[PDB]
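Right, one structure below, let's go through it.
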Amino acid sequence: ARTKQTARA
Amino acid sequence: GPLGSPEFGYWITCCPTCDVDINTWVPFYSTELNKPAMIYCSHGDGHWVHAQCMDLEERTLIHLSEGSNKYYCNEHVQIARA
Ligand SMILES: [Zn+2]
Ligand SMILES: [Zn+2]
């Protein structure tokens, strides 16, 4: 699914 | 979007029980810094909801971001499964 702010820290 | 500008898509009241507020928000998921993580709901023409407001734990959120499947928010998933 499309998501925002889910890039690995 | 970058720096200071149109962030309103992020600061909406995503659902009746939306707990995210521009005046009090702090990071929760490991992937957040200054904006709340969101998920796209495929109900109708679609809309975005705050991951936190859907009561999703991080591992679930990450699985959603990596998958190619459609997501239906707590308000619409029942209609989608009927
Ligand atoms: Zn919300
Ligand atoms: Zn929805």
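Identifiers for the structure tokens are assigned positionally: chains receive A, B, ... in sequence, residues are indexed from 1 per chain, and ligands are indexed from 1 in the order shown.
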Counting only C-alpha atoms, what is within 8 Å of residue 40 of chain B, bar same-chain residues fewer than 4 positions away, as a ChimeraX atom specification? /A:1-3 /B:46-49,71-72
Residues within 10 Å of ligand 1, counting only C-alpha atoms and all ligand atoms: report them as a PyMOL selection string. chain B and resi 10-21+36-38+48-55
I need the residues from that last selection saved to file as a tab-separated table (two decimals), in the first residue's frame (with C-alpha atoms), if you can.
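Final output, saved to out.tsv:
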```tsv
chain	number	residue	atom	x	y	z
B	10	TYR	CA	-0.51	15.64	6.81
B	11	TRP	CA	-2.41	17.65	9.40
B	12	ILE	CA	-5.99	16.68	8.63
B	13	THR	CA	-8.39	15.03	11.06
B	14	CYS	CA	-8.03	11.70	9.23
B	15	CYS	CA	-10.92	10.00	11.04
B	16	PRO	CA	-13.49	10.56	13.83
B	17	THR	CA	-10.97	9.44	16.45
B	18	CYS	CA	-7.95	11.17	14.89
B	19	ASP	CA	-5.38	11.72	17.66
B	20	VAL	CA	-2.77	13.52	15.54
B	21	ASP	CA	-2.55	17.26	16.06
B	36	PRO	CA	3.15	11.63	10.95
B	37	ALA	CA	3.33	8.40	8.95
B	38	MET	CA	0.30	7.89	6.71
B	48	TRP	CA	-5.02	9.16	3.55
B	49	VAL	CA	-5.12	8.22	7.23
B	50	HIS	CA	-2.56	8.54	10.02
B	51	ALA	CA	-0.97	5.15	10.74
B	52	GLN	CA	-1.01	5.95	14.46
B	53	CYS	CA	-4.74	6.69	14.38
B	54	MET	CA	-5.41	3.26	12.87
B	55	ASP	CA	-3.76	1.76	15.97
```
Which residues sit within 6 Å of ligand 2, counting only C-alpha atoms and all ligand atoms, listed as an MDAnalysis selection string? chainID B and resid 41 43 72:73 75:76
Store the residues picked out above in a file with N, CA and C atoms, as a PDB file, in the first residue's frame.
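That gives us selection_3.pdb:
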```pdb
ATOM      1  N   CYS B  41      -5.821   4.757   1.896  1.00  0.00           N
ATOM      2  CA  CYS B  41      -6.972   3.860   1.952  1.00  0.00           C
ATOM      3  C   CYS B  41      -7.638   3.852   0.584  1.00  0.00           C
ATOM      4  N   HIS B  43     -10.643   3.088  -0.289  1.00  0.00           N
ATOM      5  CA  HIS B  43     -12.097   3.251  -0.291  1.00  0.00           C
ATOM      6  C   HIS B  43     -12.490   4.347  -1.287  1.00  0.00           C
ATOM      7  N   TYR B  72      -7.402  -0.769   3.439  1.00  0.00           N
ATOM      8  CA  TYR B  72      -8.677  -0.147   3.762  1.00  0.00           C
ATOM      9  C   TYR B  72      -8.631   0.220   5.240  1.00  0.00           C
ATOM     10  N   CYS B  73      -8.850   1.498   5.537  1.00  0.00           N
ATOM     11  CA  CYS B  73      -8.801   1.976   6.911  1.00  0.00           C
ATOM     12  C   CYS B  73      -9.910   1.364   7.764  1.00  0.00           C
ATOM     13  N   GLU B  75     -12.369   2.436   9.146  1.00  0.00           N
ATOM     14  CA  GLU B  75     -13.716   2.912   8.837  1.00  0.00           C
ATOM     15  C   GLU B  75     -14.315   2.287   7.585  1.00  0.00           C
ATOM     16  N   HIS B  76     -13.464   1.793   6.694  1.00  0.00           N
ATOM     17  CA  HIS B  76     -13.953   1.247   5.434  1.00  0.00           C
ATOM     18  C   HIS B  76     -13.630  -0.205   5.112  1.00  0.00           C
TER      19      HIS B  76
END
```
Hey, list the chain B side of the contact with chain A: 8 Å cut-off, only C-alpha atoms, answer as a PyMOL selection string. chain B and resi 30-32+35-40+61-62+64-71
Step one, run DSSP on the backbone; step two, keep only residues of chain B assigned to strand (DSSP E); then write them as a ChimeraX atom specification. /B:38-41,47-50
For N, CA and C atoms, I'd like the residues from the last selection saved as a PDB file, in the first residue's frame.
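The result, stored in part05.pdb:
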```
ATOM      1  N   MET B  38       1.650   8.059   7.223  1.00  0.00           N
ATOM      2  CA  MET B  38       0.298   7.895   6.712  1.00  0.00           C
ATOM      3  C   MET B  38       0.162   6.706   5.770  1.00  0.00           C
ATOM      4  N   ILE B  39      -1.072   6.240   5.620  1.00  0.00           N
ATOM      5  CA  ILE B  39      -1.376   5.111   4.755  1.00  0.00           C
ATOM      6  C   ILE B  39      -2.521   5.497   3.834  1.00  0.00           C
ATOM      7  N   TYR B  40      -2.447   5.060   2.584  1.00  0.00           N
ATOM      8  CA  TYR B  40      -3.493   5.366   1.617  1.00  0.00           C
ATOM      9  C   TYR B  40      -4.591   4.308   1.671  1.00  0.00           C
ATOM     10  N   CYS B  41      -5.821   4.757   1.896  1.00  0.00           N
ATOM     11  CA  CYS B  41      -6.972   3.860   1.952  1.00  0.00           C
ATOM     12  C   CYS B  41      -7.638   3.852   0.584  1.00  0.00           C
ATOM     13  N   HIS B  47      -8.301   7.994   0.200  1.00  0.00           N
ATOM     14  CA  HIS B  47      -7.947   9.058   1.130  1.00  0.00           C
ATOM     15  C   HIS B  47      -6.797   8.581   2.006  1.00  0.00           C
ATOM     16  N   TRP B  48      -6.150   9.512   2.696  1.00  0.00           N
ATOM     17  CA  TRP B  48      -5.020   9.164   3.547  1.00  0.00           C
ATOM     18  C   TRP B  48      -5.383   9.207   5.022  1.00  0.00           C
ATOM     19  N   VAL B  49      -4.862   8.253   5.790  1.00  0.00           N
ATOM     20  CA  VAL B  49      -5.115   8.225   7.229  1.00  0.00           C
ATOM     21  C   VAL B  49      -3.788   8.114   7.969  1.00  0.00           C
ATOM     22  N   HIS B  50      -3.757   8.609   9.202  1.00  0.00           N
ATOM     23  CA  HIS B  50      -2.555   8.537  10.024  1.00  0.00           C
ATOM     24  C   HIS B  50      -2.400   7.105  10.516  1.00  0.00           C
TER      25      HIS B  50
END
```
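Atom to atom, atom CA of residue 27 of chain B and atom CA of residue 9 of chain B stand 17.1 Å apart.
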Would you please extract all helix (DSSP H, G or I) residues from segment 9-66 of chain B, as assigned by DSSP on the backbone, and give them as a short mmCIF file (atom, residue, chain, number, x, y, z; two decimals) with C-alpha atoms, in the first residue's frame?
```cif
data_model
loop_
_atom_site.label_atom_id
_atom_site.label_comp_id
_atom_site.auth_asym_id
_atom_site.auth_seq_id
_atom_site.Cartn_x
_atom_site.Cartn_y
_atom_site.Cartn_z
CA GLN B 52 -1.01 5.95 14.46
CA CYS B 53 -4.74 6.69 14.38
CA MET B 54 -5.41 3.26 12.87
CA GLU B 58 5.26 -0.41 13.60
CA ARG B 59 5.87 -3.88 12.16
CA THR B 60 2.39 -3.79 10.62
CA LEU B 61 2.99 -0.33 9.16
CA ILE B 62 6.30 -1.47 7.66
CA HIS B 63 4.68 -4.55 6.11
CA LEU B 64 2.06 -2.30 4.53
CA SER B 65 4.71 0.03 3.09
CA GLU B 66 6.57 -2.93 1.55
#
```
For the atom pair atom CA of residue 29 of chain B and atom CA of residue 42 of chain B, what is the interatomic distance in Å to one decimal place?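 Going from atom CA of residue 29 of chain B over to atom CA of residue 42 of chain B covers 22.6 Å.
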One number please: atom CA of residue 28 of chain B to atom CA of residue 78 of chain B, in Å, one decimal.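 Separation between atom CA of residue 28 of chain B and atom CA of residue 78 of chain B: 26.9 Å.
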